[PDB]
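# Test case, fold it:
(chains A, B, C, D, E and F, ligands or ions: 4)
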Amino acid sequence: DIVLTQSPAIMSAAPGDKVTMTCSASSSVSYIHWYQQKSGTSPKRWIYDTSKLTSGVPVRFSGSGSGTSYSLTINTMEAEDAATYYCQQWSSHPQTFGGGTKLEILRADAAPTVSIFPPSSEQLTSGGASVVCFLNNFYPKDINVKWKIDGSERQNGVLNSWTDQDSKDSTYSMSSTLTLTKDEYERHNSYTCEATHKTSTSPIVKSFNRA
Amino acid sequence: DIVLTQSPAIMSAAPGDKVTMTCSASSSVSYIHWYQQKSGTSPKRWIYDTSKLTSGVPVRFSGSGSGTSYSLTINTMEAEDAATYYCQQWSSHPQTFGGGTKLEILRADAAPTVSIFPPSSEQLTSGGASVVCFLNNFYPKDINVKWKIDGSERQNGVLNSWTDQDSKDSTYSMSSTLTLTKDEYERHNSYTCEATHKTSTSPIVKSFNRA
Amino acid sequence: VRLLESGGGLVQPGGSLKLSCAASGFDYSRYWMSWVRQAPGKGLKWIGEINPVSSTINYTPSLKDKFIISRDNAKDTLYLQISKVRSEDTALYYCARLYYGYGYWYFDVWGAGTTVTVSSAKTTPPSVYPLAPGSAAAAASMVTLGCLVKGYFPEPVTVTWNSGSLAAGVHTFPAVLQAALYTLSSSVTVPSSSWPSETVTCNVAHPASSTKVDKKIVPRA
Amino acid sequence: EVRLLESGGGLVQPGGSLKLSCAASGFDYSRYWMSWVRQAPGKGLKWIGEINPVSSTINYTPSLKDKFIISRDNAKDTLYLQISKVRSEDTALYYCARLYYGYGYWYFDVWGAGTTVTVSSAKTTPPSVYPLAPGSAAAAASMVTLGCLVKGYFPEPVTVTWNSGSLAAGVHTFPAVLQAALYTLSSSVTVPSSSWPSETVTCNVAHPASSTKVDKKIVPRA
Amino acid sequence: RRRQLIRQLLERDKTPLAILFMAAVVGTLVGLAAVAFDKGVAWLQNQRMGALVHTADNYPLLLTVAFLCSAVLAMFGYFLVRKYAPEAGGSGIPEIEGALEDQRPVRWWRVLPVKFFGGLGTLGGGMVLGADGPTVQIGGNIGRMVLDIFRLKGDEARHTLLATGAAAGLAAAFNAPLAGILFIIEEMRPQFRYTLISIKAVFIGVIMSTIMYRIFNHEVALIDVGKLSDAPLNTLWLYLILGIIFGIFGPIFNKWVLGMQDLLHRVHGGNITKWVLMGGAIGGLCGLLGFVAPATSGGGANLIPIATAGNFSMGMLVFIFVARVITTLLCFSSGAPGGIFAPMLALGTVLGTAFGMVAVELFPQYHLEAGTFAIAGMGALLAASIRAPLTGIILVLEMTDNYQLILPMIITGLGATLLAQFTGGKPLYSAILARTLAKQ
Amino acid sequence: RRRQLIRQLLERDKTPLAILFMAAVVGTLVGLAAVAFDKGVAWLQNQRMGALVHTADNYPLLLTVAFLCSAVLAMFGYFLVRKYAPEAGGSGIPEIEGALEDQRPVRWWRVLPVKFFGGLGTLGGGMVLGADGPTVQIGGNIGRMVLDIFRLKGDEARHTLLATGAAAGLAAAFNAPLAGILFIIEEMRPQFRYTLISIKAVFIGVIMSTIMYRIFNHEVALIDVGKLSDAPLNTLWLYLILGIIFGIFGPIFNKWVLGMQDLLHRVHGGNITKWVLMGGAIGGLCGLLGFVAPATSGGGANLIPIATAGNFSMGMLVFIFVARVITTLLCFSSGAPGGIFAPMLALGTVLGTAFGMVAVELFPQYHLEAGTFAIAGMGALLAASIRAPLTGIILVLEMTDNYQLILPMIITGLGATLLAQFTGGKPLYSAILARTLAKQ
Ligand SMILES: [Br-]
Ligand SMILES: [Br-]
Ligand SMILES: [Br-]
Ligand SMILES: [Br-]
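Residues are numbered from 1 along each chain as shown, chains lettered A, B, ... in the order given. Ligands and ions are numbered 1, 2, ... in the order given. Shown next is the protein structure:
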């Protein structure tokens, strides 16, 4: 059936700015609907029957197209318009949605506020040791972290987790968690945590020693 | 308020008769309604708009009248027709009900069936004693019941109760309940209840001995 | 197409209570509902009516807010709430669906009724004692068993046998009041083969105390 | 309003079966078609099926036989979905939408909140809650970063709130990460230098799948 | 003629008070007539059923009394029409229509009895005929009767009480007031010249008749179909397609009934005893079909909610349609007293129903209910067989209260009347009045 | 005759295909026109509403900005009708009635843009006037246009395509496809002589024009009032007493629109500057009334449901009615382009609602809902004053879907058209063409 392929799979752009995405179809399609989903909230029907807005929808939105290509557009975008936009057809049967197009706020760069954390006494009693490092509040979302144990790299037992773009400052964040057994952790003393960004060529090193 | 007044409060009749009850009003009403209420049942819309028959009412029933005289008529009454019938007007707000014509039935004689039951165990563990005499399926309703304790005559602590007329065989029933204390019961032996009814010149008597 | 009312039972004099009627089997809106009551042993008496959109409401010659009738079509329910109660609102309360033929309106379908007692007294669940024939070998074609339901308040109870399985052969007798308590018995007659061969239990139920008692009738061994 | 609230989703073991339930409030549930549409995590919206008000015509996506059993109970204002033979592919977020049209090309008019169906042989498990105070001699700066570690629970998710959510500003909980059939995730609160150890910062963790409420206070080290 | 007009305009709609009072009594009678006619046809049909139960043991014996009792009532009504009033055969609408061209007489001393009782025979036996034909013709003559009695003069009162009669006549047959008033305007009136029918009178006619029907028939509607779905704009194109189908079939139907008349006249040549015998033959067959395949017999008003709801097989719909077309011809081409209007609804429904079924199983992107495509095609055979669509549309609207389908109902109608006109098709009522006048 | 008749029938309802194909386009062009007319009208009322917010603090400054905004558009209207097209004042339906009789000119190059843009200033300034006269006029002139454009020959072609234009122009003003056709049939055709207006072609016209309105308006209706209750038979007489009150008031209102027609013509004497200036004062007063008394101004669709549901008090209905009685005359007797069809419905609704509230308090035993007397009375002015009861009823029926009230509606409708004839009233739309042929 009718594959829908939304083209700019992710994208960013500034406020007060023109944004445009796409829906293609393997066959011919008449009338495409658009829904806006914010993480955690029910999808919202946004635009139906190729072009038609809905109750509440700000007029800065718009839909166009024909046949096997349609397209959504924000003339002078706001903050609140950052979300995901799914086209869905039902000219043919059965209906089909597209992959999605992720619309993220674009801002000025910011550097990470790195924080390193020694395993707590409660986790040690239970027998493991996890060293958490918090890379907090940075644009863009690309980054690298590196762990050093007495100044030697480690690539085992690390787990990093990015957030989705933030609500207020429109930054990101990223946690790096190094998990050792208690014994392996006491063989060493320097645990270092090294964030590599595009803001600088010099990583933000944070470390600590148990002494 | 209109006052509807129905002519025989209580009528007896024998199946095959033609029976007529009459609804009369304080001023003029028109298109009145009739409800049938057999014992222990919600009233049933039975005749409406003076002469129309609710679906399911057998054709032996009919309605008629005008002005201030209205009647209901059962033409060859059958015995399942025993009930209190009620009229109701709504041609003047507030609508108002009649006060009932209770149709009683006249039938062949029928003799009671006596059952005596001693106080039950649980009732003795709890400090009471009730002796229950059943008198089932007799006609007419006139019946007298004598409680003989060891040949003696008790007359304080006896309560009787009668059913309405049964709606298919027209009989009556009755239940006689002698109530005493645990010790007062255990200081005698041979209890008996004696049943007197026109279906026999010699009373029926069911007894039991505590031994 | 049913009407099921509820909420009745015991009120102290001068108090208040809210009755409820649950409609099913039909569009409960587009239908005027009404309340009629029946004092114990007396006749019917109109209380009030209410059009579908709660726009119009009428009552009998009552007082200030003696009666107040509500409806929440969302749950298909009628409401009535009496206040400053007195011994003449002791009655059985019927819920009727109104309708018309030529246009002179009638009570089309009535509910079963919930019963209201206005008394000072206390709610008391019944005791159900089984009535088995004394160990007197007096077989006939039929044996008669009963059960006895004593010391409950307020009215009513329902007595069924084997969940109505034995509809035929049953006499339940009207309750008699003493010391502000009710007592009644119920008679069931079955073939001599069907007992004690097969089980016979009497299902008592006193809703004013949310109580059921399924007592079972065993012989007097 | 007009609210669609579906329930019933959670943890089932493969080859199993469940019965999602969509409950409606704020309009006439009949005279509307209803539909189910699920969404695998980080994936597109896949349509499951639909049912018309008199239940006379039920349609389902091209997939298998008694796999999906859509039914509705018009009288309860509720829509049902029965998944049998549950796979790992059926681990998704199941949406309930009412169907409507315009020029006649149909759309998904009003959606509901969603329910989450996890299909794994892994067993329920409570979380361990460890604080994250900064190094005994850390670079005490003006803004101090705290946090707590919620380690080794199943299945998802956990609420993480600080000081009963009063400190709503300056907080982010990170996505959980699954390892060897268990989940771990940390939160992060930032408060001013003057705030702590002066006052009290706590982290309130709730894994309701295992009846875990726990507050863990954060104290300075050494 | 400028000043001729200014004076006519100032004098427009001033119907004589006596003609208004007179349409009032015509309606009131025409009503009571159709009420009795309907109660009648019912009682007869019911006593026919009460016999099968006195005999349900011997199943052949069952199939015999099912035949004969219809045969008896069939013959009786054939006979009553030839021996006393021959223009009371078939439908009776052409005659009332000729009565407005003053080419055919309203012999009301003879037809009132002959239609009503002959009607009660044919209809009351379970023949495939609609009580509408009778109630219209009967209604007209009831109008004439009050004319010939009160000796009112003028082409106005004659053409008018003739009209309100027939209009109140059709109203009481279908509890459809607007449909009868519109019947006169779109169809009944003389269509080649101006006329003096006081429409306001026809209203007073129809109102009183409609009231009299409600006085004996409330709280039960002839058809209750409930509130079906709407139709989105991108489905209209399918209803016009359904109109096209009826357009080519309307005229193919007119032809048969005509030929089927000839073919049935060749049977009796005119001889009253062959004819009446042929009647009880047809009659008994319907009484038999009514017991063994009841969808193929009767007036048709019965299986109209059954076909909408989607309770028939697709095979069934094909069967019913073929079989009913077959019997509809036998019963109406034979000349038995009784109309064709009510059986033409059935054939139309049964067809549109089977259309919706296919129409669903091809286009589920549309979310079709087959019930809409029945309601469209109910007033569809009324558009390509008798080319009075504005009446069938409003008639169906009155019987089914599904206004949301106004567009496809209208659309489907124009589809049938345009294509009936284009494949060489004659309106059915007119094309009967002709073969009559040519024989006269 | 009988020979003349037989071959006349054989050849009936054979409207020439070229007429039909030309009737489609007329409807297509009137829908669009009618839609686009409606869209414009609103859009300007919005600006009036938008410029109220921009000056929403100086309450005296607000009074005048809605005066002027509307005074201005009022004036632009009276002018574009005086300078370029005198016959495009007022309703314009008289004109098309005249045109069908061959007694008035069809200057479409002059009327279409005069009406279209003249109307938007009188409508869009919020003057008590409907969009119906305008759209029916524009729609006929549209129909004359394709007769000219395609050079078709005949009075059949000329009368048919002039009518379907006027029918498809009333439909698209109410979404009333049936009450389109029925207006042609009951009112606007030459009412004293036969005519070759093809019903089947008026039909195809109304279909396109409606299909047009639904493409630009669907899932919405103009009046929504739910399903009201039913009308017991023992209550039907109240709906006769209602028509009697409407029957006496009907002509009185006919007098006052004629009587005031002259009394505004005295003001300007005929002079284009004394006139346009008066009308911007009326129009300035309508945009001003529509800010303090929204129910005393504007077409009136707004307060029809808000009246039906019994949302007003008794006094507010007495007030709203007498006020609207007045502001209706001022806007139409002034001759500003715009019908009195909608603003009469509003009068009728307001009236019956008042009648219902009274009925409710007198008769609790009838369990009455006043909304039913509002629906009854809504098309009651249209029956008593312009004397088209049939079209009027099927209009209200098509806009309110309360078909269970079809009987009380039909009875009140008669009870006006009767008691209006028994007290000396006139088809106002023919008492216009009357006085407009009496000066000519
Ligand atoms: Br015929
Ligand atoms: Br016929
Ligand atoms: Br005018
Ligand atoms: Br107008």
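# Every contact and neighbour count from this point should use C-alpha atoms.
Will do.
# helix, strand or coil for the residue in chain C positioned nearest to ligand 1?
Ligand 1 sits closest to residue C:102 of chain C, with a gap of 37.7 Å, by Cα to the ion. Classification of residue C:102 using DSSP: H, G, I helix; E, B strand; the rest coil returns coil.
# Who are the contact partners of the one residue in chain A that gets nearest to chain F?
Distances between chain A and chain F by Cα to the nearest Cα are smallest at residue A:52, namely 11.5 Å. Neighbouring residues of residue A:52 by Cα atoms under 8 Å, 6 or more residues apart in numbering or on different chains: A:62, A:63.
# Which strand residues bridge it?
With DSSP bridges applied, residue A:52 shows beta-bridge pairing to residue A:48.
# And it, how far from residue A:17?
Distance from residue A:52 to residue A:17, counting by Cα to Cα, to the nearest Å: 21 Å.
# buried set for stretch A:28-42?
Across stretch A:28-42, burial judged by 16 or more other Cα atoms under 10 Å in any protein chain shown covers A:29, A:30, A:31, A:32, A:33, A:34, A:35, A:36, A:37, A:42.
# Oops, could you answer that again for stretch E:363-380 instead?
E:365-380.
# Let's check: the centremost residue of chain A is which one?
The centroid of chain A falls nearest to residue A:164 when counting by Cα atoms, centre = their mean (3.9 Å).
# Mind checking what secondary structure that residue has?
coil.
# quick one, what contacts it?
Residue A:164 touches A:172, A:173, counting by Cα under 8 Å, 6+ apart.
# what's the answer for residue E:296, then?
Counted by Cα under 8 Å, 6+ apart, residue E:296 has contacts E:289, E:290, E:320, E:323, E:324, E:327.
# go on, residue E:182?
Applying Cα under 8 Å, 6+ apart, the residues near residue E:182 are E:390, E:391.
# Double-check that it belongs to a helix.
Yes - the assignment for residue E:182 is a helix, going by three-state DSSP.
# Residue F:409 versus that one, what's the distance?
Note on residue E:182: its distance to residue F:409, by Cα to Cα, is 16 Å.
# how's the chain carved up into domains?
Let's take chain A. Chain A breaks down into these domains under curated CATH domains: A:1-107, A:108-210.
# um, chain C though
Per curated CATH domains, the domain ranges recorded for chain C read C:1-120, C:121-219.
# end-to-end on the shortest one?
What it means is domain C:121-219. 36 Å.
# That one vs chain B: in contact?
Yes - Domain C:121-219 is in contact with chain B by Cα under 8 Å from any Cα of the partner chain, via C:129-134, C:144, C:171-176, C:185, C:187.
# Buried by neighbour count, from the residues you listed: which ones?
Among the residues of domain C:121-219 next to chain B, those classed as buried by 16+ other Cα under 10 Å are C:129-134, C:144, C:171-175, C:185, C:187.
# so the residue of chain A at minimum distance from chain E, which of the three states?
Residue nearest to chain E within chain A: residue A:93 (5.4 Å; Cα to the nearest Cα). For residue A:93, the assignment made with three-state DSSP gives coil.
# if I look at it, how far off is residue E:363?
8 Å.
# cool, and residue E:163?
For residue E:163, the distance to residue E:363 - Cα to Cα - is 46 Å.
# Residue E:10 now?
For residue E:10, the distance to residue E:363 equals 57 Å [Cα to Cα].
# what's the answer for residue A:149, then?
67 Å.
# Ok, residue E:11 next?
The value you get for residue E:11 to residue E:363, if Cα to Cα is used, is 57 Å.
# name the element the closest residue to ligand 3 within the stretch 251-400 of chain E belongs to?
Here the residue of the stretch 251-400 of chain E nearest ligand 3 is residue E:390; by Cα to the ion that distance is 29.0 Å. Counting by DSSP states H and E, the element that carries residue E:390 is helix E:389-400.
# about what we covered before: show the backbone phi and psi for the residue nearest to the centre of chain A.
Here is the backbone geometry of residue A:164 (degrees, to the nearest 10): phi -70, psi 160.
# contacting residues for the nearest residue to residue E:202 once chain neighbours are set aside?
Of all residues not flanking residue E:202 in the chain, residue E:164 sits nearest, at 4.3 Å (Cα to Cα, 6 or more residues apart in numbering or on different chains). Taking Cα under 8 Å, 6+ apart, we find residue E:164 in contact with E:23, E:26, E:27, E:140, E:143, E:201, E:202, E:203, E:205, E:206.
# among the residues you listed, which are in strands?
Among those, no member is found in strands (DSSP state E).
# Show me what counts as buried in stretch C:82-89.
Buried, per 16+ other Cα under 10 Å, within stretch C:82-89: C:82, C:83, C:85, C:86, C:89.
# Could you confirm the last one falls within a helix?
By that I understand residue C:89. No - with three-state DSSP as the criterion, residue C:89 is assigned coil and is not in a helix.
# Isn't it up against residue C:39?
Yes - in this structure, residue C:89 is within contact of residue C:39 by Cα atoms under 8 Å, at 7.4 Å.
# Over to residue E:288: give its phi and psi.
According to degrees, to the nearest 10, residue E:288 has phi -80, psi -50.
# hang on, it packs against residue E:61?
No - between residue E:288 and residue E:61 there is no contact under Cα under 8 Å: 11.7 Å.
# out of those two, which sits in the busier spot?
residue E:288 (24 against 13; other Cα atoms under 10 Å in any protein chain shown).
# The closest residue to ligand 2 within chain A - nearest residue in space that isn't next to it in sequence?
Residue of chain A nearest ligand 2, by Cα to the ion: residue A:91 (44.4 Å). Using Cα to Cα, 6+ apart and skipping the chain neighbours, the partner closest in space to residue A:91 is residue A:30 (5.0 Å).
# so the one you found, which of the three states?
Secondary structure assignment for residue A:30 (three-state DSSP): coil.
# and residue 62, what does it touch?
The chain I'm using is chain A. Applying Cα under 8 Å, 6+ apart, we find residue A:62 in contact with A:47, A:51, A:52, A:53, A:72, A:73, A:74.
# I was thinking of chain E, sorry if that wasn't clear
By Cα under 8 Å, 6+ apart, the contact set of residue E:62 is E:52, E:55, E:56.
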